[PDB]
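data.cif, holding mmCIF, N, CA and C atoms and all ligand atoms:
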```cif
data_protein
#
loop_
_atom_site.label_atom_id
_atom_site.label_comp_id
_atom_site.auth_asym_id
_atom_site.auth_seq_id
_atom_site.Cartn_x
_atom_site.Cartn_y
_atom_site.Cartn_z
N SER A 7 43.98 -55.33 -11.99
CA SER A 7 43.60 -56.74 -12.19
C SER A 7 42.10 -56.94 -11.90
N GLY A 8 41.55 -58.08 -12.31
CA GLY A 8 40.14 -58.37 -12.04
C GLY A 8 39.52 -59.25 -13.13
N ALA A 9 38.47 -59.97 -12.78
CA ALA A 9 37.81 -60.84 -13.74
C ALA A 9 36.31 -60.88 -13.45
N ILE A 10 35.51 -61.38 -14.42
CA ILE A 10 34.09 -61.65 -14.22
C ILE A 10 34.00 -63.18 -14.11
N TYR A 11 33.28 -63.69 -13.10
CA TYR A 11 33.10 -65.13 -12.93
C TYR A 11 31.60 -65.42 -13.11
N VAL A 12 31.20 -65.85 -14.32
CA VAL A 12 29.84 -66.16 -14.72
C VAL A 12 29.78 -67.60 -15.17
N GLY A 13 28.92 -68.42 -14.54
CA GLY A 13 28.84 -69.84 -14.88
C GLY A 13 30.18 -70.53 -14.70
N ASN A 14 30.62 -71.28 -15.72
CA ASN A 14 31.95 -71.88 -15.68
C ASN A 14 32.93 -71.12 -16.58
N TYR A 15 32.79 -69.78 -16.59
CA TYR A 15 33.68 -68.94 -17.40
C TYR A 15 34.37 -67.90 -16.50
N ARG A 16 35.60 -67.53 -16.89
CA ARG A 16 36.39 -66.47 -16.28
C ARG A 16 36.66 -65.49 -17.43
N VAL A 17 36.19 -64.22 -17.31
CA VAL A 17 36.41 -63.20 -18.36
C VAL A 17 37.46 -62.25 -17.83
N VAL A 18 38.57 -62.12 -18.56
CA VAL A 18 39.67 -61.24 -18.15
C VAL A 18 40.11 -60.38 -19.31
N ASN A 19 40.93 -59.30 -19.01
CA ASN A 19 41.50 -58.50 -20.10
C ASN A 19 42.49 -59.46 -20.81
N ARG A 20 42.46 -59.53 -22.15
CA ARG A 20 43.39 -60.47 -22.85
C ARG A 20 44.83 -60.18 -22.50
N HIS A 21 45.17 -58.89 -22.32
CA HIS A 21 46.57 -58.56 -22.06
C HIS A 21 47.05 -59.02 -20.66
N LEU A 22 46.12 -59.35 -19.75
CA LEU A 22 46.46 -59.84 -18.41
C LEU A 22 46.21 -61.35 -18.23
N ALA A 23 45.84 -62.07 -19.30
CA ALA A 23 45.58 -63.50 -19.20
C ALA A 23 46.84 -64.25 -18.77
N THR A 24 46.65 -65.25 -17.90
CA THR A 24 47.75 -66.08 -17.40
C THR A 24 48.00 -67.29 -18.33
N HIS A 25 49.07 -68.08 -18.08
CA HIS A 25 49.29 -69.31 -18.83
C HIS A 25 48.11 -70.27 -18.60
N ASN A 26 47.58 -70.34 -17.35
CA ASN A 26 46.44 -71.23 -17.10
C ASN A 26 45.23 -70.81 -17.95
N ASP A 27 45.02 -69.48 -18.12
CA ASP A 27 43.93 -69.00 -18.97
C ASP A 27 44.10 -69.50 -20.42
N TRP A 28 45.31 -69.34 -20.99
CA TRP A 28 45.57 -69.79 -22.37
C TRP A 28 45.47 -71.32 -22.50
N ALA A 29 45.84 -72.07 -21.45
CA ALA A 29 45.76 -73.52 -21.48
C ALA A 29 44.33 -74.05 -21.30
N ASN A 30 43.36 -73.17 -20.91
CA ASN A 30 41.94 -73.54 -20.74
C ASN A 30 41.09 -72.54 -21.51
N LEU A 31 41.56 -72.16 -22.70
CA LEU A 31 40.94 -71.12 -23.52
C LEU A 31 39.59 -71.49 -24.07
N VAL A 32 38.62 -70.54 -23.96
CA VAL A 32 37.30 -70.71 -24.56
C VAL A 32 37.21 -69.79 -25.80
N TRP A 33 37.64 -68.51 -25.65
CA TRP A 33 37.51 -67.53 -26.73
C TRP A 33 38.38 -66.32 -26.42
N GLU A 34 38.98 -65.71 -27.44
CA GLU A 34 39.77 -64.49 -27.22
C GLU A 34 39.61 -63.56 -28.41
N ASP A 35 39.72 -62.24 -28.19
CA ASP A 35 39.63 -61.30 -29.30
C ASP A 35 40.54 -60.12 -28.95
N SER A 36 41.68 -60.01 -29.66
CA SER A 36 42.64 -58.93 -29.42
C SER A 36 42.02 -57.56 -29.67
N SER A 37 41.18 -57.44 -30.73
CA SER A 37 40.58 -56.13 -31.02
C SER A 37 39.68 -55.63 -29.89
N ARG A 38 39.16 -56.54 -29.05
CA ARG A 38 38.30 -56.13 -27.91
C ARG A 38 39.04 -56.13 -26.55
N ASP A 39 40.31 -56.63 -26.52
CA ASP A 39 41.07 -56.82 -25.29
C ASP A 39 40.36 -57.80 -24.35
N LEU A 40 39.70 -58.86 -24.93
CA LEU A 40 39.01 -59.82 -24.07
C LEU A 40 39.52 -61.25 -24.25
N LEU A 41 39.50 -62.02 -23.15
CA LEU A 41 39.82 -63.45 -23.21
C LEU A 41 38.92 -64.13 -22.20
N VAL A 42 38.36 -65.30 -22.57
CA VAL A 42 37.52 -66.07 -21.66
C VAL A 42 38.12 -67.47 -21.51
N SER A 43 38.31 -67.93 -20.26
CA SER A 43 38.83 -69.29 -20.00
C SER A 43 37.78 -70.08 -19.19
N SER A 44 37.93 -71.43 -19.15
CA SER A 44 36.97 -72.25 -18.41
C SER A 44 37.40 -72.43 -16.95
N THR A 45 36.41 -72.56 -16.03
CA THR A 45 36.69 -72.73 -14.61
C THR A 45 36.08 -74.03 -14.09
N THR A 46 36.64 -74.54 -12.98
CA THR A 46 36.08 -75.74 -12.37
C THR A 46 34.89 -75.34 -11.47
N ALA A 47 35.03 -74.25 -10.71
CA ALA A 47 33.94 -73.78 -9.83
C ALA A 47 32.98 -72.82 -10.55
N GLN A 48 31.70 -72.83 -10.15
CA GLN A 48 30.70 -71.93 -10.71
C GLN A 48 30.82 -70.53 -10.10
N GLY A 49 30.70 -69.49 -10.92
CA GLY A 49 30.81 -68.12 -10.44
C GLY A 49 29.45 -67.51 -10.12
N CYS A 50 29.47 -66.36 -9.43
CA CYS A 50 28.24 -65.71 -8.98
C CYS A 50 27.84 -64.47 -9.73
N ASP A 51 28.69 -63.98 -10.65
CA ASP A 51 28.31 -62.78 -11.39
C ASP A 51 27.25 -63.13 -12.45
N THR A 52 26.38 -62.17 -12.76
CA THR A 52 25.36 -62.29 -13.80
C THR A 52 25.65 -61.17 -14.82
N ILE A 53 25.49 -61.46 -16.13
CA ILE A 53 25.72 -60.47 -17.17
C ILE A 53 24.45 -59.65 -17.45
N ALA A 54 24.61 -58.33 -17.55
CA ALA A 54 23.51 -57.45 -17.92
C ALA A 54 23.16 -57.67 -19.40
N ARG A 55 21.85 -57.65 -19.72
CA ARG A 55 21.41 -57.76 -21.11
C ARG A 55 20.48 -56.55 -21.27
N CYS A 56 21.05 -55.41 -21.68
CA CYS A 56 20.34 -54.12 -21.69
C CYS A 56 21.11 -53.08 -22.54
N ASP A 57 20.58 -51.82 -22.60
CA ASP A 57 21.29 -50.76 -23.28
C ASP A 57 21.53 -49.59 -22.32
N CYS A 58 21.74 -49.88 -21.02
CA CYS A 58 22.06 -48.86 -20.00
C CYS A 58 23.27 -48.10 -20.41
N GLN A 59 23.26 -46.78 -20.15
CA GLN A 59 24.42 -45.90 -20.38
C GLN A 59 24.90 -45.26 -19.04
N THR A 60 24.37 -45.73 -17.86
CA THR A 60 24.76 -45.27 -16.54
C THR A 60 25.02 -46.52 -15.69
N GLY A 61 26.04 -46.45 -14.88
CA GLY A 61 26.39 -47.57 -14.00
C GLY A 61 27.41 -47.19 -12.96
N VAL A 62 28.07 -48.18 -12.37
CA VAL A 62 29.07 -47.95 -11.33
C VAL A 62 30.26 -48.85 -11.63
N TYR A 63 31.50 -48.31 -11.53
CA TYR A 63 32.67 -49.17 -11.77
C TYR A 63 33.61 -49.18 -10.56
N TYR A 64 34.42 -50.26 -10.43
CA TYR A 64 35.40 -50.36 -9.37
C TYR A 64 36.75 -49.87 -9.85
N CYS A 65 37.35 -48.95 -9.05
CA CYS A 65 38.67 -48.34 -9.34
C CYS A 65 39.66 -48.81 -8.28
N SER A 66 40.54 -49.78 -8.62
CA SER A 66 41.45 -50.33 -7.61
C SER A 66 42.46 -49.29 -7.09
N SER A 67 42.88 -48.32 -7.95
CA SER A 67 43.83 -47.27 -7.52
C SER A 67 43.24 -46.26 -6.54
N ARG A 68 41.94 -46.37 -6.21
CA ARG A 68 41.29 -45.53 -5.21
C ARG A 68 40.50 -46.36 -4.19
N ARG A 69 40.46 -47.71 -4.33
CA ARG A 69 39.64 -48.59 -3.48
C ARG A 69 38.19 -48.07 -3.39
N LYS A 70 37.65 -47.65 -4.53
CA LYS A 70 36.35 -47.01 -4.55
C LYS A 70 35.53 -47.38 -5.76
N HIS A 71 34.21 -47.41 -5.60
CA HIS A 71 33.28 -47.61 -6.70
C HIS A 71 32.71 -46.24 -7.06
N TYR A 72 32.71 -45.88 -8.37
CA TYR A 72 32.23 -44.56 -8.81
C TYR A 72 31.07 -44.69 -9.77
N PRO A 73 30.02 -43.86 -9.61
CA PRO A 73 28.94 -43.84 -10.61
C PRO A 73 29.42 -43.10 -11.87
N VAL A 74 29.09 -43.62 -13.05
CA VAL A 74 29.50 -42.99 -14.29
C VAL A 74 28.42 -43.07 -15.33
N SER A 75 28.45 -42.12 -16.29
CA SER A 75 27.70 -42.17 -17.53
C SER A 75 28.75 -42.59 -18.58
N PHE A 76 28.39 -43.54 -19.45
CA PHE A 76 29.33 -44.05 -20.44
C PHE A 76 28.74 -44.10 -21.82
N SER A 77 29.61 -43.99 -22.83
CA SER A 77 29.19 -44.00 -24.22
C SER A 77 28.76 -45.43 -24.69
N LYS A 78 28.10 -45.52 -25.84
CA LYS A 78 27.69 -46.80 -26.39
C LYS A 78 28.91 -47.52 -26.95
N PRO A 79 28.92 -48.86 -26.94
CA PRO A 79 30.09 -49.60 -27.44
C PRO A 79 30.47 -49.19 -28.87
N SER A 80 31.73 -48.83 -29.07
CA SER A 80 32.17 -48.30 -30.37
C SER A 80 33.63 -48.65 -30.68
N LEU A 81 34.07 -48.30 -31.88
CA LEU A 81 35.43 -48.52 -32.35
C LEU A 81 36.20 -47.22 -32.04
N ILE A 82 37.21 -47.30 -31.16
CA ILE A 82 37.97 -46.12 -30.71
C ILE A 82 39.49 -46.30 -30.85
N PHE A 83 40.19 -45.23 -31.25
CA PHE A 83 41.64 -45.32 -31.39
C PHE A 83 42.31 -45.28 -30.00
N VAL A 84 43.15 -46.27 -29.68
CA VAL A 84 43.86 -46.35 -28.40
C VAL A 84 45.36 -46.20 -28.66
N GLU A 85 46.07 -45.36 -27.89
CA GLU A 85 47.52 -45.17 -28.07
C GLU A 85 48.32 -46.43 -27.74
N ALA A 86 49.58 -46.47 -28.23
CA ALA A 86 50.47 -47.60 -28.00
C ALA A 86 50.75 -47.74 -26.53
N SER A 87 50.85 -48.97 -26.08
CA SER A 87 51.20 -49.32 -24.71
C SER A 87 52.24 -50.48 -24.82
N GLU A 88 52.74 -50.99 -23.69
CA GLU A 88 53.64 -52.16 -23.72
C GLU A 88 52.86 -53.44 -24.15
N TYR A 89 51.51 -53.40 -24.23
CA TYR A 89 50.72 -54.57 -24.52
C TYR A 89 50.20 -54.62 -25.93
N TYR A 90 49.94 -53.44 -26.56
CA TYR A 90 49.45 -53.39 -27.95
C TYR A 90 50.08 -52.17 -28.64
N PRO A 91 50.25 -52.23 -29.96
CA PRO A 91 50.62 -51.00 -30.69
C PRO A 91 49.42 -50.03 -30.67
N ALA A 92 49.58 -48.81 -31.22
CA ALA A 92 48.44 -47.88 -31.31
C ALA A 92 47.49 -48.50 -32.35
N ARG A 93 46.20 -48.64 -32.02
CA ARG A 93 45.27 -49.35 -32.88
C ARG A 93 43.82 -48.99 -32.50
N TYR A 94 42.85 -49.47 -33.30
CA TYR A 94 41.46 -49.28 -32.98
C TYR A 94 41.01 -50.45 -32.13
N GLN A 95 40.33 -50.16 -31.00
CA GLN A 95 39.76 -51.19 -30.14
C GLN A 95 38.25 -51.15 -30.32
N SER A 96 37.62 -52.31 -30.54
CA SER A 96 36.19 -52.37 -30.76
C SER A 96 35.42 -52.65 -29.45
N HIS A 97 34.10 -52.36 -29.47
CA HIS A 97 33.19 -52.63 -28.36
C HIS A 97 33.67 -51.92 -27.07
N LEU A 98 34.24 -50.73 -27.22
CA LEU A 98 34.76 -49.95 -26.11
C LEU A 98 33.81 -48.80 -25.74
N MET A 99 33.60 -48.56 -24.42
CA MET A 99 32.72 -47.48 -23.96
C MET A 99 33.56 -46.54 -23.10
N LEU A 100 33.45 -45.24 -23.30
CA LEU A 100 34.24 -44.29 -22.52
C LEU A 100 33.40 -43.57 -21.49
N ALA A 101 34.06 -43.17 -20.38
CA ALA A 101 33.42 -42.39 -19.34
C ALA A 101 34.47 -41.45 -18.72
N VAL A 102 34.00 -40.43 -18.01
CA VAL A 102 34.87 -39.55 -17.25
C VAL A 102 35.05 -40.20 -15.87
N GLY A 103 36.26 -40.53 -15.54
CA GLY A 103 36.58 -41.17 -14.27
C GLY A 103 38.06 -41.45 -14.17
N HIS A 104 38.52 -41.69 -12.93
CA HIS A 104 39.92 -42.00 -12.72
C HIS A 104 40.26 -43.42 -13.16
N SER A 105 41.41 -43.57 -13.78
CA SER A 105 41.95 -44.87 -14.08
C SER A 105 43.46 -44.72 -14.26
N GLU A 106 44.20 -45.71 -13.77
CA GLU A 106 45.64 -45.86 -13.94
C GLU A 106 45.96 -47.26 -14.44
N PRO A 107 47.17 -47.45 -15.01
CA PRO A 107 47.61 -48.79 -15.33
C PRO A 107 47.69 -49.54 -13.98
N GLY A 108 46.97 -50.65 -13.99
CA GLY A 108 46.72 -51.53 -12.86
C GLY A 108 45.23 -51.65 -12.58
N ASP A 109 44.41 -50.66 -13.04
CA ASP A 109 42.96 -50.67 -12.82
C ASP A 109 42.20 -51.56 -13.79
N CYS A 110 42.87 -52.08 -14.84
CA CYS A 110 42.19 -52.98 -15.79
C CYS A 110 41.59 -54.18 -15.06
N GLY A 111 40.39 -54.59 -15.46
CA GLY A 111 39.74 -55.72 -14.82
C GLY A 111 38.66 -55.33 -13.84
N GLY A 112 38.63 -54.05 -13.44
CA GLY A 112 37.59 -53.60 -12.52
C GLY A 112 36.22 -53.72 -13.19
N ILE A 113 35.18 -54.17 -12.44
CA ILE A 113 33.87 -54.34 -13.06
C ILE A 113 33.07 -53.05 -13.16
N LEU A 114 32.39 -52.87 -14.31
CA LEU A 114 31.37 -51.84 -14.51
C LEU A 114 30.00 -52.60 -14.45
N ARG A 115 29.05 -52.12 -13.63
CA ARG A 115 27.76 -52.81 -13.51
C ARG A 115 26.62 -51.80 -13.54
N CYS A 116 25.45 -52.29 -13.91
CA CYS A 116 24.24 -51.47 -13.90
C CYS A 116 23.17 -52.25 -13.07
N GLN A 117 21.89 -51.77 -13.07
CA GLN A 117 20.84 -52.46 -12.34
C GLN A 117 20.61 -53.92 -12.85
N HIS A 118 21.01 -54.22 -14.08
CA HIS A 118 20.76 -55.55 -14.68
C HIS A 118 21.90 -56.57 -14.44
N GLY A 119 23.08 -56.09 -14.02
CA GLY A 119 24.20 -57.00 -13.82
C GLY A 119 25.49 -56.39 -14.35
N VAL A 120 26.49 -57.27 -14.65
CA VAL A 120 27.79 -56.85 -15.14
C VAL A 120 27.71 -56.38 -16.60
N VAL A 121 28.24 -55.19 -16.87
CA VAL A 121 28.23 -54.59 -18.20
C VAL A 121 29.56 -54.84 -18.91
N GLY A 122 30.67 -54.74 -18.17
CA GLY A 122 31.99 -54.89 -18.79
C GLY A 122 33.11 -54.69 -17.79
N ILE A 123 34.37 -54.60 -18.27
CA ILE A 123 35.52 -54.44 -17.39
C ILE A 123 36.39 -53.29 -17.85
N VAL A 124 37.10 -52.63 -16.91
CA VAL A 124 38.06 -51.57 -17.29
C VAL A 124 39.10 -52.13 -18.26
N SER A 125 39.36 -51.42 -19.37
CA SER A 125 40.35 -51.86 -20.37
C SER A 125 41.31 -50.74 -20.76
N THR A 126 40.85 -49.46 -20.73
CA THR A 126 41.72 -48.34 -21.16
C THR A 126 41.58 -47.15 -20.18
N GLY A 127 42.47 -46.16 -20.26
CA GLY A 127 42.31 -44.97 -19.41
C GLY A 127 43.28 -43.87 -19.73
N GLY A 128 43.23 -42.82 -18.94
CA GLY A 128 44.18 -41.73 -19.08
C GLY A 128 43.53 -40.38 -18.97
N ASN A 129 44.19 -39.45 -18.26
CA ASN A 129 43.80 -38.06 -18.08
C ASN A 129 42.35 -37.84 -17.74
N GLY A 130 41.84 -38.60 -16.77
CA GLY A 130 40.47 -38.41 -16.34
C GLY A 130 39.43 -39.12 -17.16
N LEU A 131 39.85 -39.99 -18.08
CA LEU A 131 38.93 -40.85 -18.82
C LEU A 131 39.16 -42.31 -18.39
N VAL A 132 38.12 -43.14 -18.54
CA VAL A 132 38.24 -44.58 -18.29
C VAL A 132 37.43 -45.29 -19.44
N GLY A 133 37.96 -46.37 -20.00
CA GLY A 133 37.29 -47.11 -21.06
C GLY A 133 36.98 -48.52 -20.62
N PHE A 134 35.76 -49.00 -20.96
CA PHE A 134 35.33 -50.35 -20.55
C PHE A 134 35.09 -51.23 -21.76
N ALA A 135 35.57 -52.47 -21.69
CA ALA A 135 35.28 -53.47 -22.73
C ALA A 135 33.90 -54.03 -22.42
N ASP A 136 32.92 -53.82 -23.33
CA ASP A 136 31.57 -54.31 -23.15
C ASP A 136 31.54 -55.84 -23.29
N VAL A 137 30.67 -56.50 -22.50
CA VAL A 137 30.44 -57.97 -22.64
C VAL A 137 28.94 -58.30 -22.84
N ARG A 138 28.05 -57.27 -22.91
CA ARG A 138 26.61 -57.51 -22.99
C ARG A 138 26.15 -58.24 -24.26
N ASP A 139 26.94 -58.15 -25.34
CA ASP A 139 26.57 -58.83 -26.57
C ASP A 139 27.00 -60.32 -26.60
N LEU A 140 27.80 -60.78 -25.62
CA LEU A 140 28.33 -62.17 -25.59
C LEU A 140 27.29 -63.06 -24.93
N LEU A 141 26.24 -63.38 -25.69
CA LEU A 141 25.09 -64.10 -25.11
C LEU A 141 25.46 -65.48 -24.61
N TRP A 142 26.45 -66.12 -25.27
CA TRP A 142 26.89 -67.45 -24.91
C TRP A 142 27.45 -67.55 -23.49
N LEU A 143 27.82 -66.40 -22.85
CA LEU A 143 28.32 -66.47 -21.47
C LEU A 143 27.24 -67.00 -20.51
N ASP A 144 25.93 -66.89 -20.87
CA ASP A 144 24.80 -67.32 -20.04
C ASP A 144 24.44 -68.79 -20.14
N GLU A 145 25.15 -69.57 -20.96
CA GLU A 145 24.80 -70.99 -21.12
C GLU A 145 26.01 -71.91 -21.33
N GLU A 146 25.76 -73.23 -21.44
CA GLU A 146 26.73 -74.30 -21.68
C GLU A 146 27.71 -74.41 -20.52
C1 LIG B 1 43.98 -48.58 -17.67
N1 LIG B 1 44.69 -47.32 -17.85
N2 LIG B 1 44.31 -46.22 -17.15
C2 LIG B 1 45.18 -45.29 -17.50
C3 LIG B 1 46.12 -45.76 -18.43
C4 LIG B 1 47.30 -45.02 -18.97
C5 LIG B 1 47.66 -43.80 -18.43
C6 LIG B 1 48.86 -43.22 -18.79
CL1 LIG B 1 49.37 -41.75 -18.00
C7 LIG B 1 49.71 -43.82 -19.70
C8 LIG B 1 49.33 -45.02 -20.25
CL2 LIG B 1 50.37 -45.80 -21.42
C9 LIG B 1 48.13 -45.63 -19.92
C10 LIG B 1 45.77 -47.07 -18.65
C11 LIG B 1 46.44 -48.10 -19.48
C12 LIG B 1 45.80 -48.27 -20.84
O1 LIG B 1 44.93 -47.51 -21.25
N3 LIG B 1 46.30 -49.27 -21.60
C13 LIG B 1 47.43 -50.12 -21.22
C14 LIG B 1 47.02 -51.59 -21.14
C15 LIG B 1 46.31 -52.02 -22.43
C16 LIG B 1 45.13 -51.07 -22.74
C17 LIG B 1 44.41 -51.44 -24.02
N4 LIG B 1 43.18 -51.90 -23.87
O2 LIG B 1 44.93 -51.26 -25.13
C18 LIG B 1 45.66 -49.63 -22.86
ZN ZN B 2 21.39 -52.31 -17.50
#
```
Can you turn what I pasted into structure tokens?
Ligand SMILES: Cn1ncc(-c2cc(Cl)cc(Cl)c2)c1CC(=O)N1CCC[C@H](C(N)=O)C1
Ligand SMILES: [Zn+2]
Amino acid sequence: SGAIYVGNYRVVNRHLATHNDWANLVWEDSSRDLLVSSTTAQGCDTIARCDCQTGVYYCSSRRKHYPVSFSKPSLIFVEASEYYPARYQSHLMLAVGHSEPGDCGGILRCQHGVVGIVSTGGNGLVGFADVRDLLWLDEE
């Protein structure tokens, strides 16, 4: 589990969105596994606006933050799960690192701010849904 709290927005994995998230919906995209809902309180996270390929992510199944090198956001084939059929997920970055089901939502960050959240994993790989291109998260 986990979310990014930037301005009056809450960014979560779409597959983990609550009824309150859907009832206060700002934007969602199944192909990216992302959903953004509105919040009453202002958040403290800042979004990175950069092309960093190195950062640190939070792994809840180890209570640890790990430094990683990650690929550029791309279209990648993801196997079937209880949440989606096997399909291509867009804006996904891969890295070598531990991840289990339950680790989705962990933040990946670089020197500039939040880069994205854990969305996929398996056998020593971890995949992050990028949010750096969502410029509108910084305003309104
Ligand atoms: C986060 N994580 N880390 C490891 C595994 C994983 C490991 C094993 Cl052994 C078996 C399975 Cl089915 C999954 C997962 C879960 C995962 O990748 N997904 C399930 C939730 C929706 C995700 C999506 N974005 O499509 C895909
Ligand atoms: Zn950066």
Separation of CA of residue 103 (chain A) from CA of residue 41 (chain A), in Å and rounded to one decimal: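 Between CA of residue 103 (chain A) and CA of residue 41 (chain A) the gap is 24.2 Å.
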Could you check the closest approach to ligand ZN 2 (chain B) for each of A:21, A:68, A:78, A:118 and tell me which residue wins, using only C-alpha atoms and all ligand atoms?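 Closest residue, counting only C-alpha atoms and all ligand atoms: A:118.
Nearest-residue note for ligand ZN 2 (chain B): choosing from A:130, A:58, A:101, A:94, the minimum distance belongs to A:58, counting only N, CA and C atoms and all ligand atoms.
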DSSP helix (DSSP H, G or I) residues within region 55-144 of chain A, listed as a VMD selection string: chain A and resid 141 to 144
So which one's closest to ligand ZN 2 (chain B), A:65, A:81, A:92, A:54? Using all atoms listed in the file, please.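 Going through A:65, A:81, A:92, A:54 one by one, the smallest distance to ligand ZN 2 (chain B) is for A:54.
Rounded to one decimal, CA of residue 104 (chain A) and CA of residue 133 (chain A) lie 10.1 Å from each other.
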List every residue of chain A that has an atom at most 8 Å from any atom of ligand LIG 1 (chain B), and for each one report the closest atom pair and its distance in Å to one decimal, counting only N, CA and C atoms and all ligand atoms, with rows sorted by chain and then by increasing residue number, as JSON lines.
```
{"residue": "A:19", "atom": "CA", "partner": "B:LIG1", "partner_atom": "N4", "distance": 7.8}
{"residue": "A:20", "atom": "N", "partner": "B:LIG1", "partner_atom": "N4", "distance": 7.9}
{"residue": "A:21", "atom": "CA", "partner": "B:LIG1", "partner_atom": "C15", "distance": 6.6}
{"residue": "A:22", "atom": "N", "partner": "B:LIG1", "partner_atom": "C15", "distance": 7.8}
{"residue": "A:37", "atom": "C", "partner": "B:LIG1", "partner_atom": "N4", "distance": 7.9}
{"residue": "A:38", "atom": "C", "partner": "B:LIG1", "partner_atom": "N4", "distance": 6.5}
{"residue": "A:39", "atom": "CA", "partner": "B:LIG1", "partner_atom": "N4", "distance": 5.5}
{"residue": "A:40", "atom": "N", "partner": "B:LIG1", "partner_atom": "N4", "distance": 7.9}
{"residue": "A:84", "atom": "CA", "partner": "B:LIG1", "partner_atom": "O2", "distance": 6.0}
{"residue": "A:85", "atom": "C", "partner": "B:LIG1", "partner_atom": "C18", "distance": 6.4}
{"residue": "A:86", "atom": "C", "partner": "B:LIG1", "partner_atom": "CL2", "distance": 5.5}
{"residue": "A:87", "atom": "CA", "partner": "B:LIG1", "partner_atom": "CL2", "distance": 4.9}
{"residue": "A:88", "atom": "N", "partner": "B:LIG1", "partner_atom": "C13", "distance": 5.9}
{"residue": "A:89", "atom": "CA", "partner": "B:LIG1", "partner_atom": "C15", "distance": 5.5}
{"residue": "A:90", "atom": "N", "partner": "B:LIG1", "partner_atom": "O2", "distance": 5.6}
{"residue": "A:91", "atom": "C", "partner": "B:LIG1", "partner_atom": "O2", "distance": 7.2}
{"residue": "A:92", "atom": "CA", "partner": "B:LIG1", "partner_atom": "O2", "distance": 7.9}
{"residue": "A:93", "atom": "N", "partner": "B:LIG1", "partner_atom": "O2", "distance": 7.5}
{"residue": "A:95", "atom": "CA", "partner": "B:LIG1", "partner_atom": "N4", "distance": 7.2}
{"residue": "A:104", "atom": "C", "partner": "B:LIG1", "partner_atom": "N2", "distance": 6.3}
{"residue": "A:105", "atom": "C", "partner": "B:LIG1", "partner_atom": "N2", "distance": 3.4}
{"residue": "A:106", "atom": "C", "partner": "B:LIG1", "partner_atom": "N2", "distance": 3.3}
{"residue": "A:107", "atom": "N", "partner": "B:LIG1", "partner_atom": "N1", "distance": 3.8}
{"residue": "A:108", "atom": "N", "partner": "B:LIG1", "partner_atom": "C1", "distance": 5.2}
{"residue": "A:109", "atom": "N", "partner": "B:LIG1", "partner_atom": "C1", "distance": 5.1}
{"residue": "A:110", "atom": "N", "partner": "B:LIG1", "partner_atom": "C1", "distance": 4.6}
{"residue": "A:111", "atom": "N", "partner": "B:LIG1", "partner_atom": "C1", "distance": 7.3}
{"residue": "A:124", "atom": "C", "partner": "B:LIG1", "partner_atom": "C1", "distance": 6.1}
{"residue": "A:125", "atom": "C", "partner": "B:LIG1", "partner_atom": "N4", "distance": 3.8}
{"residue": "A:126", "atom": "CA", "partner": "B:LIG1", "partner_atom": "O1", "distance": 3.3}
{"residue": "A:127", "atom": "N", "partner": "B:LIG1", "partner_atom": "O1", "distance": 3.0}
{"residue": "A:128", "atom": "N", "partner": "B:LIG1", "partner_atom": "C2", "distance": 3.5}
{"residue": "A:129", "atom": "N", "partner": "B:LIG1", "partner_atom": "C5", "distance": 5.6}
{"residue": "A:130", "atom": "N", "partner": "B:LIG1", "partner_atom": "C2", "distance": 7.5}
{"residue": "A:131", "atom": "C", "partner": "B:LIG1", "partner_atom": "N2", "distance": 6.6}
{"residue": "A:132", "atom": "CA", "partner": "B:LIG1", "partner_atom": "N2", "distance": 6.4}
{"residue": "A:133", "atom": "N", "partner": "B:LIG1", "partner_atom": "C1", "distance": 6.8}
{"residue": "A:135", "atom": "N", "partner": "B:LIG1", "partner_atom": "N4", "distance": 7.9}
```
Using only N, CA and C atoms and all ligand atoms, what are the residues with an atom within 8 Å of ligand ZN 2 (chain B), set out as an MDAnalysis selection string? chainID A and resid 53:61 115:121
Would you output that residue set with N, CA and C atoms, as a short mmCIF file (atom, residue, chain, number, x, y, z; two decimals), keeping the file's coordinate frame?
```
data_model
loop_
_atom_site.label_atom_id
_atom_site.label_comp_id
_atom_site.auth_asym_id
_atom_site.auth_seq_id
_atom_site.Cartn_x
_atom_site.Cartn_y
_atom_site.Cartn_z
N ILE A 53 25.49 -61.46 -16.13
CA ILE A 53 25.72 -60.47 -17.17
C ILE A 53 24.45 -59.65 -17.45
N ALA A 54 24.61 -58.33 -17.55
CA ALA A 54 23.51 -57.45 -17.92
C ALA A 54 23.16 -57.67 -19.40
N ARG A 55 21.85 -57.65 -19.72
CA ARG A 55 21.41 -57.76 -21.11
C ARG A 55 20.48 -56.55 -21.27
N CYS A 56 21.05 -55.41 -21.68
CA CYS A 56 20.34 -54.12 -21.69
C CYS A 56 21.11 -53.08 -22.54
N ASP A 57 20.58 -51.82 -22.60
CA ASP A 57 21.29 -50.76 -23.28
C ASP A 57 21.53 -49.59 -22.32
N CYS A 58 21.74 -49.88 -21.02
CA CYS A 58 22.06 -48.86 -20.00
C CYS A 58 23.27 -48.10 -20.41
N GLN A 59 23.26 -46.78 -20.15
CA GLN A 59 24.42 -45.90 -20.38
C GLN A 59 24.90 -45.26 -19.04
N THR A 60 24.37 -45.73 -17.86
CA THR A 60 24.76 -45.27 -16.54
C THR A 60 25.02 -46.52 -15.69
N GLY A 61 26.04 -46.45 -14.88
CA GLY A 61 26.39 -47.57 -14.00
C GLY A 61 27.41 -47.19 -12.96
N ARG A 115 29.05 -52.12 -13.63
CA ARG A 115 27.76 -52.81 -13.51
C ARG A 115 26.62 -51.80 -13.54
N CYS A 116 25.45 -52.29 -13.91
CA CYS A 116 24.24 -51.47 -13.90
C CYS A 116 23.17 -52.25 -13.07
N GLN A 117 21.89 -51.77 -13.07
CA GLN A 117 20.84 -52.46 -12.34
C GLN A 117 20.61 -53.92 -12.85
N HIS A 118 21.01 -54.22 -14.08
CA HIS A 118 20.76 -55.55 -14.68
C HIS A 118 21.90 -56.57 -14.44
N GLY A 119 23.08 -56.09 -14.02
CA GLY A 119 24.20 -57.00 -13.82
C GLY A 119 25.49 -56.39 -14.35
N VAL A 120 26.49 -57.27 -14.65
CA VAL A 120 27.79 -56.85 -15.14
C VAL A 120 27.71 -56.38 -16.60
N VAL A 121 28.24 -55.19 -16.87
CA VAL A 121 28.23 -54.59 -18.20
C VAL A 121 29.56 -54.84 -18.91
#
```
